[PDB]
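Each ligand, and each atom within it, is numbered from 1 in the order the structure gives. Reminder, nothing fancy here: chain letters follow the sequence lines and each chain counts from 1. Below, each value reflects all heavy atoms present in this structure, side chains not excepted, and no hydrogens, waters or symmetry copies.
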Amino acid sequence: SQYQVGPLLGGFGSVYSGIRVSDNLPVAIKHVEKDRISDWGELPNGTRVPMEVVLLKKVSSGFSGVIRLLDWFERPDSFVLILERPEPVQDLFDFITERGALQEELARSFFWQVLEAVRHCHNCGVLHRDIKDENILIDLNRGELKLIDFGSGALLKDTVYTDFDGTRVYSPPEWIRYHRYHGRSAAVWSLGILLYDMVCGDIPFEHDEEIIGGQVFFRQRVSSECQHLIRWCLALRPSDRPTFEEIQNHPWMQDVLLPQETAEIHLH
Amino acid sequence: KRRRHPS
Ligand SMILES: CC(=O)Nc1cc2c(-c3ccc(C(=O)NC4CC4)s3)cccc2s1
C-alpha cells in the first residue's frame, strides 16, 4: 500500500519494479516463497525470517556498495522485500554481454568497487556466496557498483561450510570434489572468475573438469599483472589464494579511478 | 556461447 508495484524485471527470480508513493522513490520488490526457503534465520525479536533478511539487515549501514533493504513484510505464503533501485541501472552481466571484454582501467574500477563491497559484507558477518556479474548492479550515472541478491548468502563463519546453493560455474574446486569450502577463500575464487569475466568477456570454466583443472587460458589480450592476479585467485589450493589485502595490494590494483571518474570516462 | 547460470 506504501508502494506501487509495476512490471517484472534475470530468470527464475521474482523481482518487480516499484515506486514508494510517499517520496516517489524507485524500489525493487522481491518476493520469496516460504515453501522454497532453504535457510531460515531468526531476528533479535525472535521472529523467524529468511536468512536473506538477516543478512540484508546486517549490511545495510548506509555503505552504498551493497543494495540496502528499505523494508520487508510477512505474508501467508511468502516474504516481500523492498530494496533500493538505482536509476538508470544495468547489471554487469548484460553490460559485459553488450560491451564484450572491458578495458583493464574500467575492469579495475569495477573490481575494486566489488572488493570494497565484499569486505564490508565480511566485516558485517555476512557471506554472499553468489558473487557474479549477474549479481552486481551498475549505477550508470554515479559509476557506483552495488552488490545484490543475498538469497544464497549465509552468516560468515571461520569454520568449514558443507552446504552451497550459489552458482556452480563460480564455485571453487574444493566444493566440486569435496563438498566443503571456507567462506573467504571461496569468495576469492569467485572473484577470480569475476575478474576473468570482466577482462575476457566471459567466465573461464563451464564444466566441473575445467573447474577442478585450474587451467586458465586467455582468449583476449590481458596484461601480465592482471593474468597473475587472476591465476592467483584461481589457485586450486584455497590456502594458496590471496587475502583481500593481497588482492588490493597487487600491482594491477594500483591507481583505481573514483566511481565518478569512471562514469565520465566509461559510462557517459 | 555466453549465458546466465542458475543459483
Ligand atoms: C534474484 C534477486 O534477488 N534479484 C534482484 C534484483 C535487484 C535489483 C534490480 C535488478 C535489475 C534492475 C533493473 O532496474 N533492471 C532494468 C534493466 C533496467 S534493479 C535491485 C535491487 C535488488 C535486487 S535483488
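Taking 4.0 Å as the cut-off, A:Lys30 counts as a neighbour of ligand 1 on heavy-atom distance. In this structure, A:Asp91 does not count as a contact residue of ligand 1, since none of its heavy atoms falls inside 4.0 Å of the ligand.
Taking the six-membered ring for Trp and the full ring otherwise, A:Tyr161 and A:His182 have centroids separated by 6.0 Å or more. Ring to ring, A:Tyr170 and B:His5 are not that close: their centroids are 6.0 angstrom or more apart.
Only side-chain heavy atoms of A:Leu137 come within less than 4.0 Å of ligand 1; its backbone N, CA, C and O stay farther off. Here A:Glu84 has backbone heavy atoms under 4.0 Å from ligand 1, and that is the only part of it that gets that close. Residue contacts with ligand 1 for A:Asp149 involve both N, CA, C or O and side-chain atoms from C-beta outward (heavy atoms, distance under 4.0 Å). Contact annotation: for A:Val89 versus ligand 1, heavy atoms closer than 4.0 Å belong to both the backbone and the side chain.
No salt bridge links A:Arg48 with A:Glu42; every basic N to acidic carboxylate O contact stays at or beyond 4.0 Å.
Considering both main-chain and side-chain atoms, A:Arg85 never comes within under 3.5 Å of ligand 1 through any nitrogen or oxygen pair.
Judged by distance alone, the side chains of A:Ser78 and A:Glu33 never bring a donor and an acceptor atom under 3.5 Å apart. Judged by distance alone, the side chains of A:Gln227 and A:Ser224 never bring a donor and an acceptor atom under 3.5 Å apart. If you check the side chains of A:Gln248 and A:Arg119, you find a donor sitting under 3.5 Å from an acceptor.
Ligand-side atoms of ligand 1 in range of A:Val15: 2 (C), 4 (N), 5 (C), range being under 4.0 angstrom from any heavy atom. Interface of A:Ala28 with ligand 1, defined as ligand atoms under 4.0 Å from a residue heavy atom, comprises 20 (C), 21 (C).
In this structure, A:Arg108 is not positioned above the aromatic face of A:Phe111 in the sense of NZ or CZ being under 6.0 Å from the six-membered ring centre and within 45° of the axis.
Of the candidates A:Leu83, A:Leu69, A:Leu9, the one placing a heavy atom closest to atom 22 (C) of ligand 1 is A:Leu83.
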